[PDB]
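**Q** Submitted below is the structure of interest, expressed as structure tokens.
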There are 2 protein chains.
Amino acid sequence: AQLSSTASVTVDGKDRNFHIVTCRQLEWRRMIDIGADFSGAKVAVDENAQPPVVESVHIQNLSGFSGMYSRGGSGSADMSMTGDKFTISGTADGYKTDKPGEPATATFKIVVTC
Amino acid sequence: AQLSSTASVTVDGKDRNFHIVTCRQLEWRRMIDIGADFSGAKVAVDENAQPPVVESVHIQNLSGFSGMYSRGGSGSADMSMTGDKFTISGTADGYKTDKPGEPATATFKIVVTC
Ligand code: NA
């Protein structure tokens, strides 16, 4: 997540590294897409808020977890910048791939450089 | 959604009826929680958009399916309002709980009144 267009995503202590990262500016949000639709993470950031605010986090089939966070809903997501590097950390409700019929709330940390 | 605080959720043709519905608003965003965390659906709508758009849907252990939709990418959703009644249609990616580990897409219809 130090090299450009790379990311690491940790979910309940399990990591995935990505070389596939695309950031877009869909006003007024910065959209960070890590991985693929099938397996990856999508983060929407409001960069014009001070401090910047995470509007949503969708983790899909990543480290055995899928989860969904929306600002105003259950869970949380906080962000910080280290130079170009975003860190987005929080909790998200969803389900573990092993047990899709049971609820899971996982702690996540996304480190990503566009 | 015939009467207030009710919902019907159909996933790949299999319907569940709910009398447990909670709705919340954070500025532009309307959040609709149907059922329970163990078996239910959570919807985030952006009402600032004209017309309103579905931001995300998290279906949990409902009609034998758990899965996610978020705006962007291959999976999509559409919605309309008729008076107090929301109708939301789309696809979600997740798992049929009969077959854990086998990625599955499902067509959903949510009709809900807060
Ligand atoms: Na999508």
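A note on labels: chains of the structure tokens are A, B, ... as shown, every chain counts residues from 1, and ligands are counted from 1 in their shown order.
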Counting only C-alpha atoms and all ligand atoms, which protein, DNA or RNA residues come within 7 Å of ligand 1, given as JSON, numbers by chain?
**A** {"A": [37], "B": [69, 70, 71, 72, 73, 74, 75, 76]}
**Q** Those residues you just picked out, can you put them in a file as a short mmCIF file (atom, residue, chain, number, x, y, z; two decimals), in the first residue's frame with N, CA, C and O atoms?
**A**
data_model
loop_
_atom_site.label_atom_id
_atom_site.label_comp_id
_atom_site.auth_asym_id
_atom_site.auth_seq_id
_atom_site.Cartn_x
_atom_site.Cartn_y
_atom_site.Cartn_z
N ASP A 37 -15.19 -6.56 -8.66
CA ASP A 37 -16.56 -6.61 -8.15
C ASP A 37 -16.80 -7.90 -7.36
O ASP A 37 -17.49 -7.89 -6.34
N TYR B 69 -25.56 -5.44 -2.55
CA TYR B 69 -25.56 -4.59 -3.72
C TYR B 69 -24.95 -3.25 -3.31
O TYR B 69 -25.29 -2.71 -2.25
N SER B 70 -24.05 -2.70 -4.11
CA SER B 70 -23.74 -1.28 -3.94
C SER B 70 -23.62 -0.66 -5.30
O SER B 70 -23.30 -1.34 -6.28
N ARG B 71 -23.91 0.63 -5.35
CA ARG B 71 -23.95 1.34 -6.62
C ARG B 71 -22.59 1.31 -7.30
O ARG B 71 -21.56 1.51 -6.68
N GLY B 72 -22.60 1.01 -8.60
CA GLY B 72 -21.40 0.90 -9.41
C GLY B 72 -21.03 -0.53 -9.77
O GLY B 72 -21.30 -1.47 -9.02
N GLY B 73 -20.40 -0.74 -10.92
CA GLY B 73 -19.99 -2.08 -11.27
C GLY B 73 -21.13 -2.92 -11.83
O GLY B 73 -22.19 -2.40 -12.18
N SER B 74 -20.90 -4.23 -11.91
CA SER B 74 -21.82 -5.11 -12.62
C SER B 74 -23.19 -5.18 -11.96
O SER B 74 -24.21 -5.19 -12.66
N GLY B 75 -23.24 -5.22 -10.64
CA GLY B 75 -24.51 -5.29 -9.95
C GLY B 75 -25.18 -3.94 -9.85
O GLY B 75 -24.54 -2.94 -9.44
N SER B 76 -26.45 -3.90 -10.24
CA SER B 76 -27.24 -2.67 -10.22
C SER B 76 -28.62 -2.84 -9.56
O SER B 76 -29.09 -3.96 -9.34
#
**Q** As a list in words, please: the residues near residue 51 in chain B (cut-off 12 Å, only C-alpha atoms, same-chain neighbours under 6 positions excluded).
**A** residues 45, 78, 79, 80 and 81 of chain B
**Q** Please write the residues from the selection above to a file, keeping C-alpha atoms, as an mmCIF file, in the first residue's frame.
**A**
data_model
loop_
_atom_site.group_PDB
_atom_site.id
_atom_site.type_symbol
_atom_site.label_atom_id
_atom_site.label_comp_id
_atom_site.auth_asym_id
_atom_site.auth_seq_id
_atom_site.Cartn_x
_atom_site.Cartn_y
_atom_site.Cartn_z
ATOM 1 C CA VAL B 45 -31.213 5.472 -0.381
ATOM 2 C CA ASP B 78 -33.459 0.683 -9.514
ATOM 3 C CA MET B 79 -36.195 2.219 -7.392
ATOM 4 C CA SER B 80 -39.304 4.290 -7.324
ATOM 5 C CA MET B 81 -41.667 5.775 -4.783
#
**Q** For chain B versus chain A, which residues have an atom no more than 10 Å away, and what is each residue's nearest atom pair and distance in Å rounded to one decimal, using only C-alpha atoms, chain-then-number order, as a tab-separated table?
**A**
residue	atom	partner	partner_atom	distance
B:24	CA	A:72	CA	8.2
B:25	CA	A:72	CA	7.8
B:26	CA	A:72	CA	6.0
B:27	CA	A:72	CA	9.4
B:29	CA	A:72	CA	8.0
B:30	CA	A:72	CA	8.9
B:31	CA	A:73	CA	7.3
B:32	CA	A:73	CA	9.6
B:33	CA	A:73	CA	9.5
B:37	CA	A:103	CA	7.0
B:38	CA	A:103	CA	5.8
B:39	CA	A:101	CA	8.4
B:42	CA	A:73	CA	9.2
B:43	CA	A:70	CA	9.4
B:44	CA	A:70	CA	7.2
B:55	CA	A:70	CA	8.7
B:56	CA	A:68	CA	8.0
B:57	CA	A:68	CA	8.2
B:58	CA	A:68	CA	6.7
B:59	CA	A:94	CA	8.8
B:60	CA	A:101	CA	7.1
B:61	CA	A:101	CA	4.9
B:62	CA	A:101	CA	8.5
B:64	CA	A:101	CA	7.9
B:65	CA	A:101	CA	7.6
B:66	CA	A:100	CA	6.2
B:67	CA	A:66	CA	8.1
B:68	CA	A:68	CA	7.5
B:69	CA	A:58	CA	8.7
B:70	CA	A:58	CA	7.2
B:71	CA	A:42	CA	9.8
B:72	CA	A:37	CA	9.0
B:73	CA	A:37	CA	6.5
B:74	CA	A:37	CA	7.1
B:75	CA	A:37	CA	8.3
B:93	CA	A:38	CA	8.0
B:94	CA	A:66	CA	8.2
B:95	CA	A:100	CA	6.6
B:96	CA	A:100	CA	7.8
B:97	CA	A:101	CA	5.7
B:98	CA	A:101	CA	9.0
B:99	CA	A:100	CA	9.1
B:100	CA	A:98	CA	6.4
B:101	CA	A:97	CA	6.0
B:102	CA	A:97	CA	9.1
B:103	CA	A:38	CA	8.6
**Q** Hey, could you lay chain B over chain A with a least-squares C-alpha fit (all atoms, paired in order) and save it as a short mmCIF file (atom, residue, chain, number, x, y, z; two decimals) with N, CA, C and O atoms, in the first residue's frame?
**A**
data_model
loop_
_atom_site.label_atom_id
_atom_site.label_comp_id
_atom_site.auth_asym_id
_atom_site.auth_seq_id
_atom_site.Cartn_x
_atom_site.Cartn_y
_atom_site.Cartn_z
N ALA B 1 -0.67 -0.37 0.70
CA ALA B 1 -0.31 0.86 0.02
C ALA B 1 1.10 1.37 0.29
O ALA B 1 1.27 2.46 0.83
N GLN B 2 2.11 0.60 -0.09
CA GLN B 2 3.45 1.15 -0.08
C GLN B 2 3.58 2.01 -1.33
O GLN B 2 3.78 3.22 -1.26
N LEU B 3 3.42 1.36 -2.48
CA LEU B 3 3.57 2.02 -3.78
C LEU B 3 2.23 2.39 -4.39
O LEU B 3 1.18 1.97 -3.93
N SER B 4 2.28 3.18 -5.46
CA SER B 4 1.07 3.65 -6.13
C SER B 4 0.22 2.50 -6.64
O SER B 4 0.74 1.45 -7.02
N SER B 5 -1.10 2.69 -6.64
CA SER B 5 -2.06 1.68 -7.10
C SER B 5 -1.89 0.35 -6.39
O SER B 5 -1.89 -0.70 -7.02
N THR B 6 -1.73 0.41 -5.08
CA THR B 6 -1.68 -0.81 -4.28
C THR B 6 -2.49 -0.63 -3.02
O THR B 6 -2.77 0.49 -2.57
N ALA B 7 -2.91 -1.75 -2.46
CA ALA B 7 -3.70 -1.73 -1.24
C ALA B 7 -3.47 -2.95 -0.41
O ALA B 7 -3.12 -4.01 -0.92
N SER B 8 -3.64 -2.78 0.90
CA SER B 8 -3.75 -3.91 1.82
C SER B 8 -5.08 -3.78 2.52
O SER B 8 -5.45 -2.70 2.96
N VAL B 9 -5.81 -4.89 2.59
CA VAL B 9 -7.07 -4.93 3.27
C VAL B 9 -7.02 -6.04 4.28
O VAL B 9 -6.72 -7.17 3.92
N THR B 10 -7.27 -5.71 5.55
CA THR B 10 -7.27 -6.69 6.62
C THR B 10 -8.66 -6.77 7.21
O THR B 10 -9.27 -5.72 7.50
N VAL B 11 -9.20 -7.96 7.33
CA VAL B 11 -10.55 -8.13 7.87
C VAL B 11 -10.48 -9.15 8.99
O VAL B 11 -10.08 -10.27 8.75
N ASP B 12 -10.84 -8.73 10.21
CA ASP B 12 -10.70 -9.57 11.40
C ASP B 12 -9.34 -10.29 11.42
O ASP B 12 -9.25 -11.50 11.68
N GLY B 13 -8.29 -9.53 11.15
CA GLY B 13 -6.94 -10.05 11.29
C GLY B 13 -6.34 -10.78 10.11
O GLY B 13 -5.18 -11.20 10.14
N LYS B 14 -7.14 -10.95 9.06
CA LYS B 14 -6.71 -11.70 7.88
C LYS B 14 -6.50 -10.72 6.71
O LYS B 14 -7.42 -9.99 6.31
N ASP B 15 -5.28 -10.69 6.19
CA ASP B 15 -4.90 -9.67 5.22
C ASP B 15 -4.85 -10.20 3.78
O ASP B 15 -4.45 -11.35 3.51
N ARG B 16 -5.24 -9.33 2.86
CA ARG B 16 -5.05 -9.52 1.41
C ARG B 16 -4.29 -8.31 0.86
O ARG B 16 -4.55 -7.16 1.24
N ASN B 17 -3.39 -8.58 -0.08
CA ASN B 17 -2.61 -7.56 -0.77
C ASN B 17 -3.05 -7.45 -2.21
O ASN B 17 -3.28 -8.46 -2.87
N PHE B 18 -3.16 -6.21 -2.71
CA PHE B 18 -3.68 -5.96 -4.04
C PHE B 18 -2.77 -5.05 -4.82
O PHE B 18 -2.23 -4.09 -4.26
N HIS B 19 -2.60 -5.35 -6.11
CA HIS B 19 -1.94 -4.45 -7.05
C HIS B 19 -2.91 -3.87 -8.06
O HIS B 19 -2.51 -3.18 -9.01
N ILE B 20 -4.19 -4.16 -7.87
CA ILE B 20 -5.24 -3.69 -8.75
C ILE B 20 -6.08 -2.68 -7.98
O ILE B 20 -6.80 -3.06 -7.06
N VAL B 21 -5.94 -1.41 -8.31
CA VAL B 21 -6.62 -0.31 -7.63
C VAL B 21 -7.00 0.75 -8.66
O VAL B 21 -6.17 1.16 -9.49
N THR B 22 -8.25 1.18 -8.63
CA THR B 22 -8.73 2.26 -9.50
C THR B 22 -9.41 3.29 -8.64
O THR B 22 -10.16 2.94 -7.74
N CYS B 23 -9.13 4.55 -8.90
CA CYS B 23 -9.75 5.63 -8.18
C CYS B 23 -10.42 6.57 -9.17
O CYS B 23 -9.89 6.80 -10.26
N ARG B 24 -11.58 7.09 -8.77
CA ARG B 24 -12.38 8.02 -9.58
C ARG B 24 -12.83 9.17 -8.70
O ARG B 24 -12.97 9.01 -7.49
N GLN B 25 -13.10 10.32 -9.30
CA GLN B 25 -13.60 11.46 -8.55
C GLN B 25 -14.85 12.02 -9.21
O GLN B 25 -14.88 12.24 -10.42
N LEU B 26 -15.90 12.22 -8.41
CA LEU B 26 -17.07 12.96 -8.86
C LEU B 26 -17.27 14.11 -7.89
O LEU B 26 -17.79 13.91 -6.79
N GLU B 27 -16.84 15.30 -8.29
CA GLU B 27 -16.84 16.47 -7.42
C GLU B 27 -16.18 16.19 -6.07
O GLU B 27 -14.98 15.90 -6.01
N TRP B 28 -16.96 16.25 -5.01
CA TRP B 28 -16.44 16.05 -3.67
C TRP B 28 -16.08 14.59 -3.39
O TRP B 28 -15.22 14.31 -2.56
N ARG B 29 -16.73 13.66 -4.09
CA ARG B 29 -16.65 12.24 -3.76
C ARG B 29 -15.48 11.54 -4.45
O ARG B 29 -15.30 11.62 -5.66
N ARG B 30 -14.66 10.85 -3.65
CA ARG B 30 -13.60 10.01 -4.17
C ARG B 30 -14.04 8.56 -4.04
O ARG B 30 -14.40 8.11 -2.96
N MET B 31 -13.97 7.82 -5.14
CA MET B 31 -14.28 6.42 -5.12
C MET B 31 -13.03 5.61 -5.33
O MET B 31 -12.24 5.91 -6.23
N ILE B 32 -12.79 4.63 -4.46
CA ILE B 32 -11.61 3.78 -4.53
C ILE B 32 -12.07 2.34 -4.70
O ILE B 32 -12.78 1.80 -3.83
N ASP B 33 -11.69 1.70 -5.80
CA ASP B 33 -12.05 0.30 -6.06
C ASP B 33 -10.79 -0.55 -5.97
O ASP B 33 -9.85 -0.35 -6.75
N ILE B 34 -10.78 -1.46 -5.01
CA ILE B 34 -9.62 -2.31 -4.73
C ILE B 34 -9.94 -3.72 -5.21
O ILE B 34 -11.02 -4.26 -4.92
N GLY B 35 -9.03 -4.33 -5.96
CA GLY B 35 -9.27 -5.68 -6.40
C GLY B 35 -10.26 -5.77 -7.53
O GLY B 35 -10.19 -4.99 -8.48
N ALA B 36 -11.15 -6.74 -7.44
CA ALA B 36 -12.12 -7.03 -8.47
C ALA B 36 -13.52 -7.17 -7.88
O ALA B 36 -13.70 -7.32 -6.68
N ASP B 37 -14.53 -7.11 -8.75
CA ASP B 37 -15.91 -7.19 -8.30
C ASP B 37 -16.13 -8.51 -7.55
O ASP B 37 -16.88 -8.55 -6.58
N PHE B 38 -15.43 -9.57 -7.95
CA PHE B 38 -15.61 -10.88 -7.33
C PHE B 38 -14.92 -10.98 -5.95
O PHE B 38 -15.35 -11.74 -5.07
N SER B 39 -13.86 -10.19 -5.75
CA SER B 39 -13.14 -10.22 -4.48
C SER B 39 -12.37 -8.91 -4.37
O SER B 39 -11.39 -8.70 -5.09
N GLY B 40 -12.86 -8.02 -3.50
CA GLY B 40 -12.29 -6.69 -3.45
C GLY B 40 -13.04 -5.82 -2.47
O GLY B 40 -13.85 -6.32 -1.69
N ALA B 41 -12.74 -4.54 -2.50
CA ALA B 41 -13.46 -3.60 -1.65
C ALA B 41 -13.66 -2.29 -2.39
O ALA B 41 -12.75 -1.81 -3.06
N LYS B 42 -14.82 -1.68 -2.19
CA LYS B 42 -15.13 -0.40 -2.81
C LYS B 42 -15.42 0.61 -1.73
O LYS B 42 -16.26 0.38 -0.86
N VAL B 43 -14.73 1.74 -1.79
CA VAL B 43 -14.83 2.77 -0.77
C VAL B 43 -15.32 4.06 -1.39
O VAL B 43 -14.88 4.41 -2.48
N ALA B 44 -16.22 4.76 -0.72
CA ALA B 44 -16.61 6.11 -1.12
C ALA B 44 -16.22 7.07 0.01
O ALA B 44 -16.60 6.86 1.15
N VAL B 45 -15.43 8.10 -0.33
CA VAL B 45 -14.98 9.10 0.64
C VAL B 45 -15.56 10.45 0.28
O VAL B 45 -15.56 10.83 -0.88
N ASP B 46 -16.04 11.20 1.27
CA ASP B 46 -16.43 12.57 1.06
C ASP B 46 -15.26 13.47 1.43
O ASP B 46 -14.97 13.66 2.62
N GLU B 47 -14.58 14.01 0.43
CA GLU B 47 -13.41 14.85 0.68
C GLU B 47 -13.77 16.31 0.95
O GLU B 47 -12.90 17.11 1.32
N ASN B 48 -15.04 16.67 0.78
CA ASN B 48 -15.49 18.02 1.11
C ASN B 48 -15.53 18.25 2.61
O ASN B 48 -15.37 19.37 3.08
N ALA B 49 -15.77 17.17 3.36
CA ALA B 49 -15.76 17.23 4.81
C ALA B 49 -14.35 17.52 5.32
O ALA B 49 -13.36 17.10 4.72
N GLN B 50 -14.28 18.27 6.41
CA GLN B 50 -13.00 18.61 7.01
C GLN B 50 -12.99 18.17 8.47
O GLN B 50 -13.62 18.81 9.31
N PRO B 51 -12.30 17.07 8.77
CA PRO B 51 -11.54 16.22 7.85
C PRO B 51 -12.45 15.33 7.00
O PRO B 51 -13.62 15.17 7.35
N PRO B 52 -11.93 14.76 5.90
CA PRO B 52 -12.71 13.83 5.08
C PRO B 52 -13.31 12.70 5.90
O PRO B 52 -12.73 12.29 6.90
N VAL B 53 -14.46 12.21 5.47
CA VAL B 53 -15.14 11.12 6.14
C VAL B 53 -15.39 9.98 5.17
O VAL B 53 -15.51 10.20 3.96
N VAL B 54 -15.47 8.76 5.70
CA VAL B 54 -15.85 7.61 4.91
C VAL B 54 -17.35 7.59 4.77
O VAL B 54 -18.06 7.63 5.78
N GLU B 55 -17.84 7.54 3.54
CA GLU B 55 -19.26 7.48 3.28
C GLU B 55 -19.76 6.05 3.33
O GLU B 55 -20.80 5.78 3.92
N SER B 56 -19.02 5.14 2.69
CA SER B 56 -19.42 3.74 2.63
C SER B 56 -18.26 2.85 2.23
O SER B 56 -17.30 3.28 1.62
N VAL B 57 -18.37 1.59 2.62
CA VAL B 57 -17.43 0.56 2.23
C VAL B 57 -18.23 -0.68 1.92
O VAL B 57 -19.12 -1.05 2.71
N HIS B 58 -17.92 -1.32 0.80
CA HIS B 58 -18.54 -2.59 0.41
C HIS B 58 -17.40 -3.57 0.25
O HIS B 58 -16.58 -3.45 -0.69
N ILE B 59 -17.31 -4.52 1.19
CA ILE B 59 -16.25 -5.54 1.12
C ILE B 59 -16.89 -6.76 0.52
O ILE B 59 -17.92 -7.21 1.01
N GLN B 60 -16.32 -7.30 -0.56
CA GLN B 60 -16.90 -8.45 -1.26
C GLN B 60 -15.93 -9.60 -1.23
O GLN B 60 -14.88 -9.52 -1.89
N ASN B 61 -16.29 -10.67 -0.53
CA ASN B 61 -15.57 -11.95 -0.65
C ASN B 61 -14.06 -11.77 -0.48
O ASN B 61 -13.25 -12.20 -1.33
N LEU B 62 -13.69 -11.16 0.64
CA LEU B 62 -12.32 -10.77 0.90
C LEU B 62 -11.97 -11.24 2.32
O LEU B 62 -12.65 -10.86 3.29
N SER B 63 -10.92 -12.04 2.43
CA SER B 63 -10.56 -12.61 3.73
C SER B 63 -11.76 -13.30 4.39
O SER B 63 -11.98 -13.21 5.60
N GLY B 64 -12.53 -13.97 3.56
CA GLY B 64 -13.61 -14.82 4.05
C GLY B 64 -14.81 -14.02 4.54
O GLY B 64 -15.62 -14.54 5.31
N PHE B 65 -14.94 -12.78 4.09
CA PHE B 65 -16.01 -11.90 4.55
C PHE B 65 -16.63 -11.09 3.41
O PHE B 65 -15.90 -10.61 2.54
N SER B 66 -17.95 -10.93 3.45
CA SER B 66 -18.62 -9.90 2.63
C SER B 66 -19.43 -9.05 3.58
O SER B 66 -20.13 -9.60 4.42
N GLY B 67 -19.38 -7.73 3.43
CA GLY B 67 -20.14 -6.91 4.35
C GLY B 67 -20.04 -5.45 3.99
O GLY B 67 -19.22 -5.00 3.19
N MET B 68 -20.90 -4.69 4.66
CA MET B 68 -21.13 -3.30 4.32
C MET B 68 -20.93 -2.35 5.51
O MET B 68 -21.28 -2.68 6.65
N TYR B 69 -20.43 -1.15 5.22
CA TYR B 69 -20.45 -0.05 6.17
C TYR B 69 -21.09 1.14 5.47
O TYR B 69 -20.75 1.43 4.31
N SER B 70 -22.00 1.84 6.13
CA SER B 70 -22.33 3.18 5.63
C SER B 70 -22.47 4.09 6.82
O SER B 70 -22.78 3.64 7.93
N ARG B 71 -22.20 5.36 6.58
CA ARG B 71 -22.18 6.34 7.65
C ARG B 71 -23.55 6.44 8.33
O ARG B 71 -24.58 6.47 7.68
N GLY B 72 -23.53 6.44 9.67
CA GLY B 72 -24.74 6.50 10.48
C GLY B 72 -25.08 5.17 11.15
O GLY B 72 -24.79 4.10 10.63
N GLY B 73 -25.71 5.22 12.31
CA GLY B 73 -26.10 3.98 12.96
C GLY B 73 -24.95 3.31 13.70
O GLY B 73 -23.89 3.92 13.92
N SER B 74 -25.15 2.05 14.07
CA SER B 74 -24.21 1.37 14.95
C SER B 74 -22.84 1.18 14.33
O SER B 74 -21.82 1.35 15.01
N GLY B 75 -22.79 0.84 13.05
CA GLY B 75 -21.51 0.65 12.40
C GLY B 75 -20.87 1.95 11.99
O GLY B 75 -21.53 2.81 11.37
N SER B 76 -19.60 2.10 12.36
CA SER B 76 -18.83 3.31 12.07
C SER B 76 -17.45 3.02 11.46
O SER B 76 -16.95 1.89 11.50
N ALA B 77 -16.84 4.08 10.93
CA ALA B 77 -15.53 4.04 10.29
C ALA B 77 -14.82 5.37 10.47
O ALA B 77 -15.47 6.42 10.64
N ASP B 78 -13.50 5.34 10.45
CA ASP B 78 -12.67 6.53 10.62
C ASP B 78 -11.57 6.47 9.57
O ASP B 78 -11.22 5.40 9.10
N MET B 79 -11.02 7.61 9.18
CA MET B 79 -9.96 7.60 8.20
C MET B 79 -9.00 8.74 8.38
O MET B 79 -9.31 9.74 9.02
N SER B 80 -7.85 8.59 7.76
CA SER B 80 -6.89 9.66 7.67
C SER B 80 -6.09 9.51 6.39
O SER B 80 -6.03 8.44 5.78
N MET B 81 -5.47 10.61 5.98
CA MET B 81 -4.54 10.58 4.86
C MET B 81 -3.14 10.92 5.34
O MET B 81 -2.97 11.77 6.20
N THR B 82 -2.15 10.21 4.81
CA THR B 82 -0.75 10.52 5.02
C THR B 82 -0.12 10.63 3.65
O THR B 82 0.15 9.61 3.02
N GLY B 83 0.09 11.86 3.17
CA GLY B 83 0.47 12.02 1.78
C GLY B 83 -0.57 11.38 0.88
O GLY B 83 -1.76 11.65 1.04
N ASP B 84 -0.14 10.52 -0.04
CA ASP B 84 -1.05 9.87 -0.99
C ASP B 84 -1.80 8.68 -0.37
O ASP B 84 -2.67 8.10 -0.99
N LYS B 85 -1.42 8.30 0.84
CA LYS B 85 -1.91 7.05 1.41
C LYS B 85 -3.14 7.23 2.31
O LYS B 85 -3.12 8.02 3.24
N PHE B 86 -4.22 6.55 1.97
CA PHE B 86 -5.43 6.49 2.78
C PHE B 86 -5.34 5.37 3.79
O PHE B 86 -5.04 4.24 3.40
N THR B 87 -5.65 5.65 5.05
CA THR B 87 -5.86 4.60 6.05
C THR B 87 -7.29 4.68 6.57
O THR B 87 -7.72 5.71 7.10
N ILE B 88 -8.02 3.59 6.39
CA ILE B 88 -9.43 3.56 6.75
C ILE B 88 -9.67 2.41 7.70
O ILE B 88 -9.27 1.28 7.43
N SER B 89 -10.29 2.68 8.83
CA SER B 89 -10.57 1.65 9.82
C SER B 89 -12.04 1.67 10.16
O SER B 89 -12.65 2.75 10.23
N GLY B 90 -12.63 0.51 10.39
CA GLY B 90 -14.00 0.52 10.84
C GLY B 90 -14.57 -0.86 11.06
O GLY B 90 -13.83 -1.82 11.13
N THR B 91 -15.90 -0.91 11.12
CA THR B 91 -16.61 -2.19 11.18
C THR B 91 -17.59 -2.28 10.05
O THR B 91 -18.16 -1.28 9.61
N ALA B 92 -17.76 -3.49 9.56
CA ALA B 92 -18.70 -3.77 8.49
C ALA B 92 -19.61 -4.89 8.94
O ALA B 92 -19.19 -5.78 9.69
N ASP B 93 -20.85 -4.84 8.50
CA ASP B 93 -21.85 -5.86 8.86
C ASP B 93 -22.13 -6.72 7.64
O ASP B 93 -22.48 -6.20 6.57
N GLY B 94 -22.05 -8.03 7.79
CA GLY B 94 -22.33 -8.89 6.65
C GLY B 94 -22.28 -10.33 7.09
O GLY B 94 -23.00 -10.73 8.01
N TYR B 95 -21.43 -11.12 6.44
CA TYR B 95 -21.33 -12.57 6.69
C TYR B 95 -19.92 -13.05 6.50
O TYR B 95 -19.21 -12.62 5.57
N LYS B 96 -19.48 -13.94 7.37
CA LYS B 96 -18.31 -14.74 7.06
C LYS B 96 -18.76 -15.82 6.09
O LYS B 96 -19.78 -16.48 6.31
N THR B 97 -18.05 -15.96 4.98
CA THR B 97 -18.50 -16.85 3.93
C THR B 97 -18.46 -18.33 4.34
O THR B 97 -19.16 -19.15 3.76
N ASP B 98 -17.67 -18.65 5.37
CA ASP B 98 -17.70 -19.99 5.97
C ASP B 98 -19.07 -20.32 6.57
O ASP B 98 -19.41 -21.48 6.70
N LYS B 99 -19.83 -19.30 6.93
CA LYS B 99 -21.07 -19.49 7.68
C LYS B 99 -22.19 -18.62 7.13
O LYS B 99 -22.57 -17.61 7.73
N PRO B 100 -22.70 -18.99 5.95
CA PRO B 100 -23.76 -18.22 5.30
C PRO B 100 -25.00 -18.17 6.18
O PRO B 100 -25.34 -19.16 6.85
N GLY B 101 -25.65 -17.01 6.19
CA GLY B 101 -26.90 -16.86 6.91
C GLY B 101 -26.74 -16.46 8.36
O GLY B 101 -27.72 -16.13 9.03
N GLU B 102 -25.51 -16.49 8.86
CA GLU B 102 -25.22 -16.09 10.24
C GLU B 102 -24.65 -14.69 10.27
O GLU B 102 -23.49 -14.49 9.94
N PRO B 103 -25.46 -13.70 10.66
CA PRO B 103 -24.98 -12.32 10.54
C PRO B 103 -23.70 -12.12 11.34
O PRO B 103 -23.57 -12.66 12.44
N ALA B 104 -22.75 -11.40 10.76
CA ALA B 104 -21.45 -11.24 11.37
C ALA B 104 -20.94 -9.84 11.17
O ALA B 104 -21.07 -9.26 10.11
N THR B 105 -20.31 -9.33 12.19
CA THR B 105 -19.63 -8.05 12.07
C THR B 105 -18.13 -8.30 12.04
O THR B 105 -17.63 -9.28 12.62
N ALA B 106 -17.40 -7.47 11.30
CA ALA B 106 -15.94 -7.62 11.21
C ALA B 106 -15.23 -6.28 11.28
O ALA B 106 -15.75 -5.28 10.77
N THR B 107 -14.05 -6.27 11.88
CA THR B 107 -13.23 -5.07 11.93
C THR B 107 -12.32 -5.05 10.71
O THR B 107 -11.65 -6.05 10.43
N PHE B 108 -12.31 -3.95 9.97
CA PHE B 108 -11.48 -3.89 8.76
C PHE B 108 -10.49 -2.73 8.83
O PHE B 108 -10.74 -1.73 9.51
N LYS B 109 -9.38 -2.92 8.13
CA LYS B 109 -8.38 -1.88 7.92
C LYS B 109 -8.02 -1.90 6.46
O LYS B 109 -7.62 -2.93 5.91
N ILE B 110 -8.17 -0.75 5.82
CA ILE B 110 -7.82 -0.58 4.43
C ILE B 110 -6.71 0.46 4.36
O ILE B 110 -6.88 1.58 4.85
N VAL B 111 -5.56 0.09 3.81
CA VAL B 111 -4.50 1.05 3.52
C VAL B 111 -4.31 1.04 2.02
O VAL B 111 -4.00 0.01 1.43
N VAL B 112 -4.54 2.18 1.38
CA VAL B 112 -4.58 2.20 -0.07
C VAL B 112 -4.00 3.49 -0.64
O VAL B 112 -4.22 4.59 -0.09
N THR B 113 -3.25 3.35 -1.73
CA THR B 113 -2.70 4.46 -2.47
C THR B 113 -3.20 4.36 -3.90
O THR B 113 -3.06 3.31 -4.53
N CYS B 114 -3.79 5.44 -4.43
CA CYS B 114 -4.28 5.42 -5.81
C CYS B 114 -3.12 5.50 -6.83
O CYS B 114 -1.94 5.63 -6.50
#
**Q** Please, which residues of chain B, numbered as in this document, come out strand (DSSP E or B) from DSSP, as a ChimeraX atom specification?
**A** /B:6-11,14-18,21-26,29-36,39-46,53-62,65-70,77-82,85-96,103-113
